[PDB]
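Participant:
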Ligand SMILES: Nc1ccn([C@@H]2O[C@H](COP(=O)(O)OP(=O)(O)O)[C@@H](O)[C@H]2O)c(=O)n1
Ligand SMILES: Nc1ccn([C@@H]2O[C@H](COP(=O)(O)OP(=O)(O)O)[C@@H](O)[C@H]2O)c(=O)n1
Ligand SMILES: [Mg+2]
Ligand SMILES: [Mg+2]
Ligand SMILES: [Mg+2]
Ligand SMILES: [Mg+2]
C-alpha cells in the first residue's frame, strides 16, 4: 500500500497548525479541566475510535427512524444524537491533549484523526438533514450533503497546497455547537418547530439555518480558494510535492459531477426516494478519496486519478447507460457495500503496515 | 513526442524478418527484374507515399460511388482499384529492395512502411466490401472490416512479443493477389456476378470468398496466438520491453468493444446506413493505435492506455448516454475529422522530430 521511499519520508514529520476561533478560550479551558481528570494509561486511538463509534451509531439510529428525511422522530433519537455529538467533540479535544503529552504522538494519530473527521462530518450532515425534515424542499437537498463533503475536501486540499493548517473564525467548533443546540431545541420543542412559519417574509423557519449555512459556505470557500492561488511552499507556487496545484480538483469534480449525472437521469426518483443510501455510498467514496489526499500531504508523494473506488459509481453509470436490466434499487446497495468494504480494507491495510513498521501497538 | 532516452534507444536498431510463402519466388523474380530498371536517385519514402496515395484515392472513388455497399459501380472504378492495388504491391517490393541497397536504410523507413500498410489494409477491406455488394447480408458486415483491423493489430502485437517478423504461407501477398483478380473478374463480368447463386447448397456466390476468409482468419489467429503464449525474448516469457504480455490486448479490446457497444444501441441504424464513415473513423483510431505499438516495439519502451484518440468514440458514447440532443449523423463526421486530424498531426510531428535528429531529409 505504501512504497518504501514514501514510507521512509513519512518519518521526521512535524505536526503544525495555527489559528483560533471566538469560542476557543472557554471550551479550551473546559477541555483542559476535563483532561486533568483522565486516566494516564489510556491510548488516544481508543478515545477517537470510541467517539467515532458513538457518533456513527447514534446517527445511524436517527437515519433508520427517518428514511427520506421527511417523517418525525421521538425525543429519544434527538437526545442521543446531541449527546453523541457533544461526546465526540469532547473526546477529540481530550485525546488531542493527551497525545500531545506523555510522548505518545505518532504520524498514525493524525491519520486516524482526519479519517474520523471525514466519517463524522458525513454522518453529522445526514443527521442534521434528517432532523430538520428537509424533504419538503427537494430543490435544496443535493446541495446540503454534497457541499458538506465538498467543503471538507477543499479544506484538506488547501492544506495540501501549504504546510500548516489555517483555522478561521467560523470553524468546526461553532458548527458542532450550533448543531448540538439545534438538536436539543428540536427534542425539547418537537419536530414541528420548523413548521412554525415566521409571521413575515412568507418563508418557513427552515430558511433560518440554511441561509446562514450558505453564508458560511461562501465565507469558507473564499479563504480556501485564496490559499489555493496565493499560497505556495515548494520551488514555486506549486504544491509541496512539486506537482500541479489543481490536481485534487479533478478528483472532487469527477466525484460530484458523476453523482449529479446519475441523479439527473434516474427516471425513477433514485435520490429523492433513497437519500440516505445515495449519500452514504458517495460519502464512503469521498472519504476514501480524502484519506488518500491526507496520506499524500503527510508525505511528499503524488496522487493519481485512477482508483478502485469508482466501482460503485461505475456500476450505476453503466446500468444507466443500458436502459434497464437491473432495477435501480439493488445496484445502490451493491455500490454501498462495495465502497464500504473497499474503504475498510484500505484503512486496515495501511494501519497494519504502519503498526508493523513503527512497532506502535496501535491500541496497546 | 519522443523522449530523449527512447529516441537514443531508437538508434542501433537492426531490421530482421524470416519467412516465405508459396508465391514468393515468382513474384520475387518479377520484382527483382523491375528494380533493375528503376532510377538510382529516387528515395524509397517517395515511392511508398506514391503507392499509398494511389491506393487511397482509388478506394475513395469506389467508396464514393458505392455508399452503404449495396449499389453497383461501372468498370471504371473496379479497373482503377485493381490497377492501384497492383501498383501498391509492386512499389512496396521495389522500394524495399531499393532501400536495402545503396545504404539508404533508416529506422524511419520501417515506420513509414508499417503506417502505410495499416492505412492500405483498411482501405483495401473497404474496397472489397463495397465491390462484392455485401449489404444483402447485414449479419456478416461488422465482422469483415473489424476482423481485418483486428488481424493487422494482432500481427503487430505478436511482433511486439518477439524480435523478428514471422511470415506464414497465407500472408499478405496471396490476399492482395486474390483481391486483385476478384476486382478484375467483377469488372469484366459485372457487379451481378455475385448474384449468380450456385446450383446447389441454396447459398449465393458471395459465400465462396467469405467462408475462405473465415478459414484464413482462424489460421492466422492460431499462429499469432502461439507466439503470444509460447514466445518469449526478455528475461522471461514477457515482452522485449519487460512489461506485461497482454497489454496491447486491452487497447484493441477497448476499441472493438466500444465500436460494438455504439453499434448495438444506435436506435437509428447508424452503422447499416453509414458503413463507410463508421469504418473510416474507427480505422483512423486503430491506425493511430497500431502506429503507437510500432514505435513501441521499434524501441524498448512501454505503452499506456490513455490516448488523445478516444475523443471521437468518447463523443459518440456520451451523445448516446444522454438520449439525443445532437442527431447521430453530424457527430460521426466530427469524430472522423477529429481522428484524421489527430493521426496526421501525430505522424507529422514524429517524422519531423526524426528528420531533425538524424538529418535525413526525408524526401530529399
Ligand atoms: N489518536 C491520536 C489523535 C491525535 N494525535 C496527535 O495529537 C495531536 C493533537 O491534535 P488535536 O486533536 O489537539 O488537534 P485538532 O483536533 O484541532 O486538529 C494531533 O495533531 C496528532 O499528531 C495522536 O497522536 N493520536
Ligand atoms: N521507405 C522505406 C521502406 C523501407 N525501408 C527499409 O527497407 C527494408 C526492406 O523492407 P521490405 O519492403 O523489402 O520488406 P517487407 O515489405 O516484406 O516487410 C525495410 O525493412 C526498411 O528497413 C526504408 O528504409 N525506407
Ligand atoms: Mg484530535
Ligand atoms: Mg478529529
Ligand atoms: Mg516495403
Ligand atoms: Mg508496406
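Residue numbers (UniProt numbering), protein chains in the order written: chain A, 20 to 383; chain B, 20 to 383. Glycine residues also receive a C-beta, built at the ideal position from the N, C-alpha and C atoms.
Using a Cβ cut-off of 7 Å, pull out every chain B residue sitting near residue 340 of chain A, in sequence order please.
Facilitator: Here residue 340 of chain A refers to the residue found at position 321 when the first chain is read from its first residue. Correct list: 340.
Participant: Around ligand 3, which residues pass a check of Cβ closer than 6 Å to any of its heavy atoms?
Facilitator: Residues whose Cβ lies closer than 6 Å to any heavy atom of ligand 3, listed in chain order: A/111, A/114, A/115, A/132.
Participant: So for residue 61 of chain B, helix, strand or coil by DSSP?
Facilitator: Against the second chain, residue 61 of chain B aligns to sequence position 42. Three-state result, residue 61 of chain B: coil.
Participant: Could you pull out every unbroken alpha helix (DSSP H) segment of at least 4 residues lying fully inside the region 145-197 of chain B, listed in chain order?
Facilitator: The region 145-197 of chain B contains these whole alpha helix (DSSP H) runs: 161-180.
Participant: Would you say the beta carbon of residue 129 of chain A is closer than 7 Å to some non-hydrogen atom of ligand 1?
Facilitator: The residue labelled residue 129 of chain A in the question sits at position 110 within the first chain. Correct: residue 129 of chain A has its Cβ closer than 7 Å to ligand 1.
Participant: Consider the C-beta atom of residue 135 of chain B and the heavy atoms of ligand 6; say whether any pair is separated by less than 7 Å.
Facilitator: Mapped onto the second chain, residue 135 of chain B falls at position 116. Yes; taking the cut-off as 7 Å, the Cβ of residue 135 of chain B has a heavy atom of ligand 6 nearer than that.
Participant: Is residue 155 of chain B near ligand 2, with its Cβ less than 7 Å from a heavy atom?
Facilitator: If you number the second chain from 1, residue 155 of chain B lands on position 136. Residue 155 of chain B: no, Cβ never under 7 Å from ligand 2.
Participant: With a floor of 3 residues, list each beta strand (DSSP E) that falls wholly inside the region 27-77 of chain A, ordered by position along the chain.
Facilitator: 36-38
Participant: Tell me the rounded alpha-carbon separation between residue 339 of chain B and residue 373 of chain A.
Facilitator: Sequence index remark: in the second chain, residue 339 of chain B carries index 320 (1-based). Sequence index remark: in the first chain, residue 373 of chain A carries index 354 (1-based). Residue 373 of chain A has its alpha-carbon roughly 47 Å from the corresponding atom of residue 339 of chain B.
Participant: Rounding to the nearest angstrom, what Cα-Cα distance links residue 110 of chain A and residue 28 of chain A in this structure?
Facilitator: Start at 1 with the first residue of the first chain, and residue 110 of chain A comes out as number 91. Start at 1 with the first residue of the first chain, and residue 28 of chain A comes out as number 9. In a straight line, the C-alpha of residue 110 of chain A is about 30 Å away from that of residue 28 of chain A.
Participant: Ligand 7 and residue 364 of chain B: does the residue's C-beta get closer than 7 Å to at least one heavy atom of that ligand?
Facilitator: With respect to ligand 7, the structure offers nothing, as its ligand set consists of ligand 1, ligand 2, ligand 3, ligand 4, ligand 5 and ligand 6.
Participant: Under 8 Å by Cβ, that's how I've got residue 400 of chain B and residue 271 of chain B pegged, so tell me the actual separation to the nearest angstrom.
Facilitator: The first residue shown for chain B is 20 and the last is 383, placing residue 400 of chain B beyond what the model contains.
Participant: I'd like to check one pair, residue 300 of chain B with residue 354 of chain B: are the Cβ atoms closer than 8 Å?
Facilitator: To locate residue 354 of chain B, count along the second chain from 1; it is residue 335. To locate residue 300 of chain B, count along the second chain from 1; it is residue 281. Yes, Cβ-Cβ distance for residue 354 of chain B and residue 300 of chain B is below 8 Å.
Participant: Have a look at residue 93 of chain B and residue 79 of chain B and give me their C-alpha separation to the nearest angstrom.
Facilitator: Locating residue 93 of chain B in the second chain gives position 74, counting from the first residue. Locating residue 79 of chain B in the second chain gives position 60, counting from the first residue. Approximately 15 Å between the Cα atoms of the pair.
Participant: Just checking my contact of residue 176 of chain B with residue 267 of chain B at CB under 8 Å: how many whole Å lie between their CB atoms?
Facilitator: For the purposes of this step, residue 176 of chain B is identified with residue 157 of the second chain, where counting begins at 1. For the purposes of this step, residue 267 of chain B is identified with residue 248 of the second chain, where counting begins at 1. The Cβ separation is near 5 Å, so the contact holds.
Participant: What's the C-alpha gap between residue 296 of chain B and residue 330 of chain B?
Facilitator: Looking up residue 296 of chain B in the second chain gives position 277. Looking up residue 330 of chain B in the second chain gives position 311. Their Cα atoms are separated by approximately 16 Å.
Participant: Distance, Cα to Cα, residue 113 of chain A vs residue 220 of chain A?
Facilitator: Residue numbering aside, residue 113 of chain A sits at position 94 when the first chain is read from its first letter. Residue numbering aside, residue 220 of chain A sits at position 201 when the first chain is read from its first letter. Answer to the nearest angstrom: the Cα atoms are 44 Å apart.
Participant: Is the beta carbon of residue 138 of chain A closer than 8 Å to that of residue 306 of chain A?
Facilitator: Stepping through the first chain from its first residue, residue 306 of chain A is reached at position 287. Stepping through the first chain from its first residue, residue 138 of chain A is reached at position 119. Cβ atoms of residue 306 of chain A and residue 138 of chain A: closer than 8 Å.
Participant: Please determine if the region 35-54 of chain A and the region 181-195 of chain A are in contact, where contact requires at least 3 C-beta pairs separated by less than 8 Å.
Facilitator: yes
Participant: What are the boundary residues of the alpha helix (DSSP H) that residue 338 of chain B is part of?
Facilitator: The residue given as residue 338 of chain B occupies position 319 in the second chain. Residue 338 of chain B -> alpha helix (DSSP H) spans 330-340.
Participant: Grab the span of the alpha helix (DSSP H) containing residue 325 of chain A for me, first residue to last.
Facilitator: For the purposes of this step, residue 325 of chain A is identified with residue 306 of the first chain, where counting begins at 1. Counting along the chain, residue 325 of chain A falls outside any alpha helix (DSSP H), and DSSP gives it neither H nor E.
Participant: Kindly examine ligand 2 and report whether one of its heavy atoms sits closer than 7 Å to the Cβ of residue 179 of chain A.
Facilitator: The residue given as residue 179 of chain A occupies position 160 in the first chain. No - ligand 2 has no heavy atom lying nearer than 7 Å to the Cβ of residue 179 of chain A.
Participant: For residue 282 of chain B, which residues in the same chain have their Cβ closer than 8 Å to its Cβ, ignoring the five residues on either side in sequence?
Facilitator: By 1-based counting over the second chain, the position of residue 282 of chain B is 263. For residue 282 of chain B, where only same-chain residues beyond five positions count, the Cβ hits under 8 Å are 161, 289, 290, 297.
Participant: From residue 347 of chain B to residue 364 of chain B, what does the alpha carbon distance come to, in whole angstroms?
Facilitator: In the second chain, residue 347 of chain B corresponds to position 328, counting from 1. In the second chain, residue 364 of chain B corresponds to position 345, counting from 1. Whole-angstrom Cα-Cα distance: 26 Å.
Participant: Quick one: what's got a C-beta closer than 6 Å to residue 146 of chain B's C-beta in the same chain, skipping five residues either side?
Facilitator: To locate residue 146 of chain B, count along the second chain from 1; it is residue 127. Counting only Cβ-Cβ distances below 6 Å, and skipping sequence neighbours, we find 78, 81, 100.
Participant: I want to check one thing, is the minimum distance from the CB of residue 383 of chain A to the heavy atoms of ligand 1 below 7 Å?
Facilitator: For the purposes of this step, residue 383 of chain A is taken as the residue at position 364 of the first chain. False, no ligand heavy atom lies under 7 Å from that Cβ.
Participant: Kindly indicate the opening and closing residues of the alpha helix (DSSP H) around residue 85 of chain B.
Facilitator: Start at 1 with the first residue of the second chain, and residue 85 of chain B comes out as number 66. Unbroken run through residue 85 of chain B: none, as it is neither H nor E.
Participant: Could you give the first and the last residue of the continuous alpha helix (DSSP H) run that contains residue 318 of chain A?
Facilitator: Within the first chain, numbered from 1, the residue matching residue 318 of chain A stands at position 299. It is not in any alpha helix (DSSP H) - residue 318 of chain A carries neither H nor E in the DSSP assignment.
Participant: Compute the Euclidean distance between the alpha carbons of residue 158 of chain A and residue 253 of chain A, then round it to the nearest angstrom.
Facilitator: As a first step, residue 158 of chain A must be located in the first chain, where it is residue number 139. As a first step, residue 253 of chain A must be located in the first chain, where it is residue number 234. Note on geometry: alpha-carbon atoms of residue 158 of chain A and residue 253 of chain A lie some 42 Å from one another.
Participant: Is any non-hydrogen atom of ligand 2 found closer than 7 Å to the C-beta of residue 318 of chain B, if you look at the structure I gave you?
Facilitator: For the purposes of this step, residue 318 of chain B is taken as the residue at position 299 of the second chain. Residue 318 of chain B: no, Cβ never under 7 Å from ligand 2.
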